[PDB]
Amino acid sequence: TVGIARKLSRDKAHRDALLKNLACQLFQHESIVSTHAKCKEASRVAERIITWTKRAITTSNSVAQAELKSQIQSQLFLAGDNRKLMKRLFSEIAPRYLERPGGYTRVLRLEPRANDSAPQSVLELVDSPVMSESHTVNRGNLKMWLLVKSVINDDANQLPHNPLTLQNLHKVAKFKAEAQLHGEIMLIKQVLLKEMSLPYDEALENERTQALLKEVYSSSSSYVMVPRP
Amino acid sequence: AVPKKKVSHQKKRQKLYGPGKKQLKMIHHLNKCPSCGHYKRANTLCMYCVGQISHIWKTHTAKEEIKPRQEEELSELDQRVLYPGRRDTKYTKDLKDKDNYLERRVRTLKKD
RNA sequence: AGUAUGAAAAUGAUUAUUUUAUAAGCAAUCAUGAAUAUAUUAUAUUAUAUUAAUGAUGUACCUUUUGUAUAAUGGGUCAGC
RNA sequence: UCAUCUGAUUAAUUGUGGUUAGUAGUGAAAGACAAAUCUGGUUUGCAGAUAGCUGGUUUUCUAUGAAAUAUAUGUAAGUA
RNA sequence: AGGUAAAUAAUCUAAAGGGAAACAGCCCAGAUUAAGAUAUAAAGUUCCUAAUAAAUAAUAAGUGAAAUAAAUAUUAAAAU
RNA sequence: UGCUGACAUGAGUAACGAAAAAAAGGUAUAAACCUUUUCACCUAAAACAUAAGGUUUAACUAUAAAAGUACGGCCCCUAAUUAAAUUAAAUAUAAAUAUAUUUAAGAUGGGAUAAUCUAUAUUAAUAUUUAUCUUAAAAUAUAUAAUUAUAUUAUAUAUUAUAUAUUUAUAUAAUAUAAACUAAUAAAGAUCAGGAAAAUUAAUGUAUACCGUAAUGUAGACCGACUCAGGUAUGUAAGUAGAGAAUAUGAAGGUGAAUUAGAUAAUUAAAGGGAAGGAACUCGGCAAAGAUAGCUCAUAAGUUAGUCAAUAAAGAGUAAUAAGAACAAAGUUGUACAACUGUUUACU
RNA sequence: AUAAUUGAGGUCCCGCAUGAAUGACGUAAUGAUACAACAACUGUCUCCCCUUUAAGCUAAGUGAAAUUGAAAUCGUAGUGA
RNA sequence: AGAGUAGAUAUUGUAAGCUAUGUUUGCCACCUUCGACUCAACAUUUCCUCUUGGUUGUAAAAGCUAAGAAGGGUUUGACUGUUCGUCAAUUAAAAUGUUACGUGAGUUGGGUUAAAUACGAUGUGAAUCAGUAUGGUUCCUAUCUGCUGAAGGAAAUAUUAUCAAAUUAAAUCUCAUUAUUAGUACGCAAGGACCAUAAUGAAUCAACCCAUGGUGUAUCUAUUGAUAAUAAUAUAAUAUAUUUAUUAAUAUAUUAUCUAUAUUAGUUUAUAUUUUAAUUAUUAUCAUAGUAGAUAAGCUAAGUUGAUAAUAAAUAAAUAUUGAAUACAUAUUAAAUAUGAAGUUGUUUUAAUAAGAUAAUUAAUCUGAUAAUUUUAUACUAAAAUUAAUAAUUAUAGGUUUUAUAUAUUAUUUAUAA
Ligand SMILES: [Mg+2]
Ligand SMILES: [Mg+2]
Ligand SMILES: [Mg+2]
Ligand SMILES: [Mg+2]
Ligand SMILES: [Mg+2]
Ligand SMILES: [Mg+2]
Ligand SMILES: [Mg+2]
Ligand SMILES: [Mg+2]
Ligand SMILES: [Mg+2]
Ligand SMILES: [Mg+2]
Ligand SMILES: [Mg+2]
Ligand SMILES: [Mg+2]
Ligand SMILES: [Mg+2]
Ligand SMILES: [Mg+2]
Ligand SMILES: [Mg+2]
Ligand SMILES: [Mg+2]
Ligand SMILES: [Mg+2]
Ligand SMILES: [Mg+2]
Ligand SMILES: [Mg+2]
Ligand SMILES: [Mg+2]
Ligand SMILES: [Mg+2]
Ligand SMILES: [Mg+2]
Ligand SMILES: [Mg+2]
Ligand SMILES: [Mg+2]
Ligand SMILES: [Mg+2]
Ligand SMILES: [Mg+2]
Ligand SMILES: [Mg+2]
Ligand SMILES: [Mg+2]
Ligand SMILES: [Mg+2]
Ligand SMILES: [Mg+2]
Ligand SMILES: [Mg+2]
Ligand SMILES: [Mg+2]
Ligand SMILES: [Mg+2]
Ligand SMILES: [Mg+2]
Ligand SMILES: [Mg+2]
Ligand SMILES: [Mg+2]
Ligand SMILES: [Mg+2]
Ligand SMILES: [Mg+2]
Ligand SMILES: [Mg+2]
Ligand SMILES: [Mg+2]
Ligand SMILES: [Mg+2]
Ligand SMILES: [Mg+2]
Ligand SMILES: [Mg+2]
Ligand SMILES: [Mg+2]
Ligand SMILES: [Mg+2]
Ligand SMILES: [Mg+2]
Ligand SMILES: [Mg+2]
Ligand SMILES: [Mg+2]
Ligand SMILES: [Mg+2]
Ligand SMILES: [Mg+2]
Ligand SMILES: [Mg+2]
Ligand SMILES: [Mg+2]
Ligand SMILES: [Mg+2]
Ligand SMILES: [Mg+2]
Ligand SMILES: [Mg+2]
Ligand SMILES: [Mg+2]
Ligand SMILES: [Mg+2]
Ligand SMILES: [Mg+2]
Ligand SMILES: [Mg+2]
Ligand SMILES: [Mg+2]
Ligand SMILES: [Mg+2]
Ligand SMILES: [Mg+2]
Ligand SMILES: [Mg+2]
Ligand SMILES: [Mg+2]
Ligand SMILES: [Mg+2]
Ligand SMILES: [Mg+2]
Ligand SMILES: [Mg+2]
Ligand SMILES: [Mg+2]
Ligand SMILES: [Mg+2]
Ligand SMILES: [Mg+2]
Ligand SMILES: [Mg+2]
Ligand SMILES: [Mg+2]
Ligand SMILES: [Mg+2]
Ligand SMILES: [Mg+2]
Ligand SMILES: [Mg+2]
Ligand SMILES: [Mg+2]
Ligand SMILES: [Mg+2]
Ligand SMILES: [Mg+2]
Ligand SMILES: [Mg+2]
Ligand SMILES: [Mg+2]
Ligand SMILES: [Mg+2]
Ligand SMILES: [Mg+2]
Ligand SMILES: [Mg+2]
Ligand SMILES: [Mg+2]
Ligand SMILES: [Mg+2]
Ligand SMILES: [Mg+2]
Ligand SMILES: [Mg+2]
Ligand SMILES: [Zn+2]
């Protein structure tokens, strides 16, 4: 009751409802901006919900599965824009995370908001699909977009990629088919380059992407450690 | 409960500015953004790049505006007859001039 | 509550000079090193000015009282009246 | 203000308008109320009321420099 | 009684300066302005703190050394 | 504790006024504005209609639309009351004025006609307060015309079928829920015994004046120096529940706010629970705790005979046996004082 | 009556200084009156503990007040309106 | 003087004598709130505990009186506004003061106290009282000092990282009962020890949460009322596909479960008619966390564990040795030599400080800070943990997995199958 969670200056009933709302909004819009503390708590709920959904999907035990389903239902507000949220959770969202052991969200810190000095953050779903089956781009996966923008900038400058950038790319890849990842990167480039107004010679960009993928995939002192005399 | 004397210039100033707690600190923890080579806070996203990405998302993930057929296919004269102009209130006018009271985000300096 | 002008003060921020982190009380005066500034007769071993090294002396002002540092009266400061 | 408590068909509560007040009304009477408070409101005037009481009364220099006693006093905070 | 009532003198009152640790009234002494050589007052002269050396006795209790505490007791000391 | 002005100090301290917010987008300008969705709060209101009031605050200048019928004023009429008015000589009076009488004013009240829609002008001629019972009537069932038990009992309209004037009129018959509520009717109980004032036929008329109308109104738009937890009149106030306008919920509607974000030390406030004890606390059981039906039964001493005491205490039935919404309901007694219900120092 | 009672009730009468419409006396009912007792209950207490929300604290924005001769505002003892 | 069986001075101590105190009641006039609660600090003129002198009135045991001694301790209830006092039950003891008769910018407000009212008395009366009774008004965000904690800056016998002694500032210091020695010493008997040790407690302090108890707006279950969802199923419509001969059948997606008219004015409900106008699973909200039963961590005392800090040194009152001055005597206010207290010094504990010590020394990774994730810590700070991802090793928070706990049904079961 003290120390188990953030209180967030709200009465228990209100607080829980707020958290549910945040979770629903995260599932609907695959990224959302909010205050840092709220985001942190919301992540805990959303992740829990995702795991329960995964458990329901997997389990052979029928009773268990039913219980998981009931728990998931309890943890959401299913109305208006979130009428078919349960369906989405089972069919669209939870199947992304079957291999991933936890860590389905990422809270990314922003510069604190000016009017309030409140620490601001971006709660968002990990490995959200950047491109739907229709020829559009999807709202979400901000980190990936940022990475690709950084890559583009490095290419423009004719500089080597930073170790941190490479590490991030590797992390992104870990639960991604290589060809799919490449195609996503290419798609992101097309939009990003146009926005920034750099020229998109396609074959060269593809080659660069391929090169970036290759280095990611193929893995390759002051004090001396000496035994006791 | 109440101050016994007029607090002097010295004693108010040493109270306010003497302690380091009360002073402002240099923001040493700035560093370069990898997407655009500009200043940003450490362990923080660049507000320009994330803003740009948000804008991109908005432009792509855009719910189409509902233009009713009957109003779209009105004649100009007919439209004027139906929906004439009006004097807005002082309050309304003030609300309309958003650039007076609404702060757009500033761009940081380019890192060296 | 005219119009011009306004280095009048109280008051705020900043800079410069100087003193100040082992020293205790009207924060001044006198002694007395040092540092700085100015000086078209500093010829200098110079003169003035500014500045809480250090030493000594130093119980705000008025009113009202036999008598007030009084923990008696009255005053937040300056400007005008 | 919150809790608690009392009346709640009556000597009840209450809207709208009217009448009664500055030696002066109203008062199931508390010197209670009469426009944020009355043993008698407020405003204007007499009016610069009066105050043996309190406080204040503004530059400089020079010379002299007290008293706090007696007597009287509705006098002992005063005055001769 | 730092009480009260008057008598005489002084100071304070209205008197700064030195002394009395600090001090309205005690001990000296009355600031026209300086100067700082000489006489000094009261009070002082190991240091703080301006200035000191002696003589003859007594005390041994820190008695006392600028605010003297009594009857009485004990121990000495002189003189008869 | 001089007056006026300016500027300090406390201090970037307290505080920002009962409060539920979240995301996405308008907008790569939003904690605070607008929209959408989610969540919550008010709901015999924080809703919807209005009265009064007011810097028009409004959905605004291209602005709140009336001949009259569940439209108000204006108008007619008057109450309380008011009036340099009214009557050789109304009466009285240092002046001011006051009294009586007339006339005039004066709403908080009364005021013809109307969906079959309705016609207001001119001229002429003679209602304090409360109650709807019992009986009786017929209707529905049980038993053998008459008894027993149960509801129903004055009015409010559409339908169908008849009989008379001639598909329009009049009357009759039959068909048809419960619970509240309205108006209009009738009969009538009580003492406290219940406003005032302004005709009818006939003929001739009637081209329908002025003002109010926004929004706000248990409030940020009025009265409180403030966008003030105060004060402020009336009517509707979805259903489910209930004796109910209590209480819970909340359909719809409205709202979520000139402060936010975090942290939640000490400490304060307003709540929840507490072993063993149970007033040992304290001036004092102050505060807190305490309800084993709320309906139907039953209910003592005393006593002024009034179920006054009584809503008696205990106790029963229905319900429930491990408990499991809110709200109503919080003991018994002795004494002092005052019969009692009332009134009082607006703010000790 | 209580383990224990300056309180309460009952009773006595040197009534300092009761007494009959400034009414006297005893009751039923009533009373947010005052005092006392019993029951029940309890954080009132033994003896506090845990929890909740609003403040407090920090960051952002806005921004009071009484007060104030001037202040470079220590302890002790002594002194002294 | 006089009591004390005898003897003024064991104990008592008339009236008169000499002082101290500033704790009472006064006097003076420089100077214009009693009690309770809470927390106490100081004194010693000591009530208890430790040491000791005297006590024909110290046999013992209880006492009485006096000297040293302030380390530790010194009460709970009934009555009253009371301090006090009376009593009850305890205690080793229930000491006396000072501190603005400590403490109201810390609490209270019963007493005292003004307005209302009554009573007794006083007064012709208005009213009054070293009277009685009921009722009844102040508030304060802390500027400075001070104190409690916490940081930053700093000058360091000169650096940093760590370990740190002397020292300083405080804390602590006990007490009871029982048992043994011993029914011994002592005493006719009755009664009944010192010296000393141990064990139980005590009051106080400190830490702790394994367990116990409490809590637990983590959680789970149960449960009353009202409302609102999702899913499934049925029906209907629209949109998109497939079949069929635009229609019908199928599949997917979305939306919908309304509405209208009757029953004599209105409202609601009911049924009938009208319409495609649905009843099961599972959720949520609200009603004090809606109420109730359990309940993890943490925090806590009702709980648990430990401590009351020795040995030692010098002393106080007091008790001695030898021994003159003074042929004796005399513990010395002589030289020598000894004992002696809950006191003193210390010791123990905490905080502060940092002499000293080990090491490294312009840095591909020197030491710190800013930043992030945090809790071992915490108001803010500070402190501590981690900031791994390369040749090796290092998990801070969340998430995940795990076993375990909670909840409450479960072998009438779960999983594999034949
Ligand atoms: Mg709730
Ligand atoms: Mg889990
Ligand atoms: Mg120095
Ligand atoms: Mg000094
Ligand atoms: Mg003086
Ligand atoms: Mg003064
Ligand atoms: Mg002073
Ligand atoms: Mg003053
Ligand atoms: Mg009654
Ligand atoms: Mg009176
Ligand atoms: Mg007034
Ligand atoms: Mg009055
Ligand atoms: Mg005159
Ligand atoms: Mg005058
Ligand atoms: Mg002269
Ligand atoms: Mg004289
Ligand atoms: Mg005289
Ligand atoms: Mg006089
Ligand atoms: Mg004089
Ligand atoms: Mg003279
Ligand atoms: Mg002098
Ligand atoms: Mg002279
Ligand atoms: Mg001496
Ligand atoms: Mg002396
Ligand atoms: Mg002046
Ligand atoms: Mg601030
Ligand atoms: Mg503050
Ligand atoms: Mg302050
Ligand atoms: Mg604040
Ligand atoms: Mg508010
Ligand atoms: Mg936005
Ligand atoms: Mg209703
Ligand atoms: Mg409203
Ligand atoms: Mg309205
Ligand atoms: Mg209106
Ligand atoms: Mg008229
Ligand atoms: Mg009129
Ligand atoms: Mg009218
Ligand atoms: Mg309207
Ligand atoms: Mg107003
Ligand atoms: Mg006001
Ligand atoms: Mg209001
Ligand atoms: Mg209600
Ligand atoms: Mg609703
Ligand atoms: Mg208890
Ligand atoms: Mg119990
Ligand atoms: Mg008691
Ligand atoms: Mg007590
Ligand atoms: Mg009570
Ligand atoms: Mg009887
Ligand atoms: Mg009740
Ligand atoms: Mg009465
Ligand atoms: Mg009243
Ligand atoms: Mg009153
Ligand atoms: Mg008695
Ligand atoms: Mg009692
Ligand atoms: Mg009497
Ligand atoms: Mg008589
Ligand atoms: Mg009489
Ligand atoms: Mg009454
Ligand atoms: Mg100083
Ligand atoms: Mg004798
Ligand atoms: Mg004597
Ligand atoms: Mg002594
Ligand atoms: Mg003996
Ligand atoms: Mg000791
Ligand atoms: Mg006192
Ligand atoms: Mg004070
Ligand atoms: Mg009398
Ligand atoms: Mg009262
Ligand atoms: Mg534990
Ligand atoms: Mg445990
Ligand atoms: Mg347990
Ligand atoms: Mg526990
Ligand atoms: Mg939860
Ligand atoms: Mg009807
Ligand atoms: Mg349907
Ligand atoms: Mg509600
Ligand atoms: Mg213990
Ligand atoms: Mg010991
Ligand atoms: Mg000899
Ligand atoms: Mg001898
Ligand atoms: Mg000893
Ligand atoms: Mg790394
Ligand atoms: Mg871990
Ligand atoms: Mg590992
Ligand atoms: Mg983890
Ligand atoms: Zn950038």
# chains A, B, ... in the order shown; residues from 1 in each chain; ligands from 1
$ interface_residues --of "chain A" --to "chain H" --cutoff "7 Å" --atoms "only C-alpha atoms (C1' of nucleotides)" --output "PDB file with N, CA and C atoms, in the first residue's frame"
ATOM      1  N   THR A   1       0.823  -1.259   0.000  1.00  0.00           N
ATOM      2  CA  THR A   1       0.000   0.000   0.000  1.00  0.00           C
ATOM      3  C   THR A   1       0.844   1.291   0.000  1.00  0.00           C
ATOM      4  N   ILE A   4       4.358   0.198  -3.324  1.00  0.00           N
ATOM      5  CA  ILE A   4       3.989  -0.723  -4.407  1.00  0.00           C
ATOM      6  C   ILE A   4       3.841  -0.049  -5.781  1.00  0.00           C
ATOM      7  N   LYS A  12      -7.399   6.352  -5.038  1.00  0.00           N
ATOM      8  CA  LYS A  12      -7.159   5.013  -5.608  1.00  0.00           C
ATOM      9  C   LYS A  12      -8.011   4.699  -6.835  1.00  0.00           C
ATOM     10  N   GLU A  47       2.177  -3.444 -20.244  1.00  0.00           N
ATOM     11  CA  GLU A  47       3.047  -4.622 -20.331  1.00  0.00           C
ATOM     12  C   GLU A  47       2.404  -5.848 -19.686  1.00  0.00           C
ATOM     13  N   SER A  70     -10.683 -12.862 -18.768  1.00  0.00           N
ATOM     14  CA  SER A  70     -11.468 -12.088 -17.800  1.00  0.00           C
ATOM     15  C   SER A  70     -10.660 -10.949 -17.181  1.00  0.00           C
ATOM     16  N   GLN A  73     -10.101  -8.224 -19.739  1.00  0.00           N
ATOM     17  CA  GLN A  73     -11.356  -7.480 -19.871  1.00  0.00           C
ATOM     18  C   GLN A  73     -11.519  -6.458 -18.752  1.00  0.00           C
ATOM     19  N   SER A  74     -11.234  -6.906 -17.529  1.00  0.00           N
ATOM     20  CA  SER A  74     -11.244  -6.056 -16.337  1.00  0.00           C
ATOM     21  C   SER A  74     -10.320  -4.850 -16.469  1.00  0.00           C
ATOM     22  N   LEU A  78     -13.663  -0.831 -22.519  1.00  0.00           N
ATOM     23  CA  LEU A  78     -14.065  -1.197 -23.878  1.00  0.00           C
ATOM     24  C   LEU A  78     -15.309  -0.432 -24.322  1.00  0.00           C
ATOM     25  N   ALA A  79     -15.098   0.760 -24.873  1.00  0.00           N
ATOM     26  CA  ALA A  79     -16.202   1.604 -25.334  1.00  0.00           C
ATOM     27  C   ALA A  79     -15.728   2.670 -26.316  1.00  0.00           C
ATOM     28  N   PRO A 101      10.735 -11.683 -24.391  1.00  0.00           N
ATOM     29  CA  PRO A 101      10.474 -11.930 -22.969  1.00  0.00           C
ATOM     30  C   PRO A 101      10.404 -10.631 -22.154  1.00  0.00           C
ATOM     31  N   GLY A 102       9.214 -10.037 -22.100  1.00  0.00           N
ATOM     32  CA  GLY A 102       9.001  -8.757 -21.417  1.00  0.00           C
ATOM     33  C   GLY A 102       9.503  -7.571 -22.223  1.00  0.00           C
ATOM     34  N   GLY A 103       9.426  -6.379 -21.632  1.00  0.00           N
ATOM     35  CA  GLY A 103       9.936  -5.154 -22.259  1.00  0.00           C
ATOM     36  C   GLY A 103       9.238  -4.784 -23.555  1.00  0.00           C
ATOM     37  N   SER A 222      44.607  -0.419 -18.396  1.00  0.00           N
ATOM     38  CA  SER A 222      45.284   0.268 -17.295  1.00  0.00           C
ATOM     39  C   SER A 222      45.763  -0.725 -16.242  1.00  0.00           C
TER      40      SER A 222
END
$ closest_atom_pairs --of "chain H" --to "ligand 63" --cutoff "10 Å" --atoms "only C-alpha atoms (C1' of nucleotides) and all ligand atoms" --output "CSV"
residue,atom,partner,partner_atom_place_in_ligand_line,distance
H:13,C1',ligand 63,1 (Mg),8.4
H:14,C1',ligand 63,1 (Mg),6.8
H:15,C1',ligand 63,1 (Mg),6.8
H:16,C1',ligand 63,1 (Mg),7.7
H:17,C1',ligand 63,1 (Mg),9.6
$ select_by_dssp --residues "chain B" --states "strand (DSSP E or B)" --output "PyMOL selection string"
chain B and resi 30-32+38-41+110
$ write_last_selection --atoms "C-alpha atoms" --output "PDB file, in the first residue's frame"
ATOM      1  CA  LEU B  30      24.052  18.968 -22.946  1.00  0.00           C
ATOM      2  CA  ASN B  31      25.190  16.829 -25.877  1.00  0.00           C
ATOM      3  CA  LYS B  32      24.794  16.386 -29.642  1.00  0.00           C
ATOM      4  CA  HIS B  38      22.324  20.229 -32.464  1.00  0.00           C
ATOM      5  CA  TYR B  39      22.330  20.636 -28.696  1.00  0.00           C
ATOM      6  CA  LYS B  40      19.975  18.471 -26.654  1.00  0.00           C
ATOM      7  CA  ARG B  41      19.845  17.241 -23.051  1.00  0.00           C
ATOM      8  CA  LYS B 110      24.314  23.656 -33.743  1.00  0.00           C
TER       9      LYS B 110
END
$ residues_near_ligand --ligand "ligand 14" --cutoff "10 Å" --atoms "only C-alpha atoms (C1' of nucleotides) and all ligand atoms" --output "NGL selection string"
:D and (47-50)
$ write_last_selection --atoms "N, CA, C and O atoms (P, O5', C5', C4', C3', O3' and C1' of nucleotides)" --output "PDB file, in the first residue's frame"
ATOM      1  P     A D  47     -19.197  79.267  15.412  1.00  0.00           P
ATOM      2  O5'   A D  47     -18.405  78.160  14.586  1.00  0.00           O
ATOM      3  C5'   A D  47     -17.031  78.355  14.203  1.00  0.00           C
ATOM      4  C4'   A D  47     -16.340  77.025  14.011  1.00  0.00           C
ATOM      5  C3'   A D  47     -16.860  76.162  12.857  1.00  0.00           C
ATOM      6  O3'   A D  47     -15.842  75.428  12.179  1.00  0.00           O
ATOM      7  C1'   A D  47     -17.065  74.976  14.885  1.00  0.00           C
ATOM      8  P     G D  48     -14.630  76.175  11.431  1.00  0.00           P
ATOM      9  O5'   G D  48     -13.410  75.954  12.433  1.00  0.00           O
ATOM     10  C5'   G D  48     -13.002  74.626  12.819  1.00  0.00           C
ATOM     11  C4'   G D  48     -12.227  74.641  14.119  1.00  0.00           C
ATOM     12  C3'   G D  48     -12.830  75.440  15.270  1.00  0.00           C
ATOM     13  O3'   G D  48     -12.438  74.866  16.515  1.00  0.00           O
ATOM     14  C1'   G D  48     -10.753  76.372  14.694  1.00  0.00           C
ATOM     15  P     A D  49     -13.103  73.506  17.049  1.00  0.00           P
ATOM     16  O5'   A D  49     -13.976  74.002  18.282  1.00  0.00           O
ATOM     17  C5'   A D  49     -14.745  75.217  18.200  1.00  0.00           C
ATOM     18  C4'   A D  49     -15.623  75.349  19.417  1.00  0.00           C
ATOM     19  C3'   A D  49     -14.890  75.283  20.752  1.00  0.00           C
ATOM     20  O3'   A D  49     -14.458  76.591  21.118  1.00  0.00           O
ATOM     21  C1'   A D  49     -16.719  73.774  20.767  1.00  0.00           C
ATOM     22  P     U D  50     -12.911  76.883  21.412  1.00  0.00           P
ATOM     23  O5'   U D  50     -12.659  76.110  22.781  1.00  0.00           O
ATOM     24  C5'   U D  50     -13.350  76.505  23.979  1.00  0.00           C
ATOM     25  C4'   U D  50     -13.342  75.396  25.005  1.00  0.00           C
ATOM     26  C3'   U D  50     -12.013  74.726  25.301  1.00  0.00           C
ATOM     27  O3'   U D  50     -11.204  75.569  26.115  1.00  0.00           O
ATOM     28  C1'   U D  50     -13.680  73.076  25.091  1.00  0.00           C
TER      29        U D  50
END
$ atom_distance --atom1 "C1' of residue 376 (chain H)" --atom2 "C1' of residue 171 (chain H)"
27.3 Å
$ residues_near_ligand --ligand "ligand 50" --cutoff "9 Å" --atoms "only C-alpha atoms (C1' of nucleotides) and all ligand atoms" --output "PyMOL selection string"
chain F and resi 300-302
$ residues_around --residues "residue 37 (chain B)" --least-positions-apart "5" --cutoff "12 Å" --atoms "only C-alpha atoms (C1' of nucleotides)" --output "VMD selection string"
(chain A and resid 149 to 150 152 to 154 156 to 157) or (chain B and resid 31 to 32 46 48 to 49 107 to 112)
$ write_last_selection --atoms "C-alpha atoms" --output "PDB file, in the first residue's frame"
ATOM      1  CA  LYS A 149      17.083   9.796 -39.380  1.00  0.00           C
ATOM      2  CA  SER A 150      20.440   9.564 -37.559  1.00  0.00           C
ATOM      3  CA  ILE A 152      20.609   9.404 -42.963  1.00  0.00           C
ATOM      4  CA  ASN A 153      22.438  12.302 -41.287  1.00  0.00           C
ATOM      5  CA  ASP A 154      25.598  10.185 -40.929  1.00  0.00           C
ATOM      6  CA  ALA A 156      24.970  12.906 -45.605  1.00  0.00           C
ATOM      7  CA  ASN A 157      28.010  13.859 -43.510  1.00  0.00           C
TER       8      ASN A 157
ATOM      9  CA  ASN B  31      25.190  16.829 -25.877  1.00  0.00           C
ATOM     10  CA  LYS B  32      24.794  16.386 -29.642  1.00  0.00           C
ATOM     11  CA  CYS B  46      15.869  15.879 -29.541  1.00  0.00           C
ATOM     12  CA  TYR B  48      13.239  18.961 -33.185  1.00  0.00           C
ATOM     13  CA  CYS B  49      13.597  15.439 -34.597  1.00  0.00           C
ATOM     14  CA  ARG B 107      15.462  25.596 -32.321  1.00  0.00           C
ATOM     15  CA  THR B 108      18.697  24.931 -30.411  1.00  0.00           C
ATOM     16  CA  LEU B 109      22.228  25.914 -31.495  1.00  0.00           C
ATOM     17  CA  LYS B 110      24.314  23.656 -33.743  1.00  0.00           C
ATOM     18  CA  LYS B 111      26.937  21.691 -31.766  1.00  0.00           C
ATOM     19  CA  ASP B 112      30.683  21.978 -32.492  1.00  0.00           C
TER      20      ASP B 112
END
$ residues_around --residues "residue 66 (chain C)" --least-positions-apart "6" --cutoff "12 Å" --atoms "only C-alpha atoms (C1' of nucleotides)" --output "ChimeraX atom specification"
/D:68 /E:12-13,24-25 /G:81 /H:30
$ residues_around --residues "residue 32 (chain D)" --least-positions-apart "3" --cutoff "12 Å" --atoms "only C-alpha atoms (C1' of nucleotides)" --output "number ranges by chain"
D: 26-27, 29, 37-39; F: 344-346; H: 116
$ residues_around --residues "region 37-46 of chain E" --least-positions-apart "5" --cutoff "7 Å" --atoms "only C-alpha atoms (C1' of nucleotides)" --output "VMD selection string"
chain E and resid 19 27 to 28 51 to 52
$ interface_residues --of "chain F" --to "chain A" --cutoff "8 Å" --atoms "only C-alpha atoms (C1' of nucleotides)" --output "PyMOL selection string"
chain F and resi 20-24+31+37-40+260-262
$ residues_near_ligand --ligand "ligand 27" --cutoff "8 Å" --atoms "only C-alpha atoms (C1' of nucleotides) and all ligand atoms" --output "list in words"
residues 13 and 14 of chain F; 141 of chain H
$ residues_near_ligand --ligand "ligand 82" --cutoff "12 Å" --atoms "only C-alpha atoms (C1' of nucleotides) and all ligand atoms" --output "PDB file with C-alpha atoms (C1' of nucleotides), in the first residue's frame"
ATOM      1  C1'   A H 320      44.561   3.510  61.826  1.00  0.00           C
ATOM      2  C1'   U H 321      50.715   2.893  62.203  1.00  0.00           C
ATOM      3  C1'   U H 322      55.210   4.822  64.063  1.00  0.00           C
ATOM      4  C1'   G H 323      56.196   9.673  66.171  1.00  0.00           C
ATOM      5  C1'   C H 328      53.312  12.110  78.808  1.00  0.00           C
ATOM      6  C1'   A H 329      49.907  12.232  74.932  1.00  0.00           C
ATOM      7  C1'   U H 330      48.827  12.948  69.884  1.00  0.00           C
ATOM      8  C1'   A H 331      46.557   8.970  62.715  1.00  0.00           C
TER       9        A H 331
END
$ select_by_dssp --residues "chain A" --states "alpha helix (DSSP H)" --output "PyMOL selection string"
chain A and resi 12-28+36-58+62-74+85-88+142-157+163-173+178-196+202-217
$ residues_around --residues "region 131-144 of chain A" --least-positions-apart "4" --cutoff "6 Å" --atoms "only C-alpha atoms (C1' of nucleotides)" --output "ChimeraX atom specification"
/A:30-31 /B:57
$ residues_near_ligand --ligand "ligand 10" --cutoff "10 Å" --atoms "only C-alpha atoms (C1' of nucleotides) and all ligand atoms" --output "ChimeraX atom specification"
/D:30-31 /H:115-117
$ residues_near_ligand --ligand "ligand 59" --cutoff "12 Å" --atoms "only C-alpha atoms (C1' of nucleotides) and all ligand atoms" --output "PyMOL selection string"
chain G and resi 20-23
$ closest_atom_pairs --of "chain B" --to "ligand 31" --cutoff "12 Å" --atoms "only C-alpha atoms and all ligand atoms" --output "JSON lines"
{"residue": "B:51", "atom": "CA", "partner": "ligand 31", "partner_atom_place_in_ligand_line": "1 (Mg)", "distance": 11.5}
{"residue": "B:54", "atom": "CA", "partner": "ligand 31", "partner_atom_place_in_ligand_line": "1 (Mg)", "distance": 10.8}
{"residue": "B:55", "atom": "CA", "partner": "ligand 31", "partner_atom_place_in_ligand_line": "1 (Mg)", "distance": 11.5}
{"residue": "B:58", "atom": "CA", "partner": "ligand 31", "partner_atom_place_in_ligand_line": "1 (Mg)", "distance": 11.5}
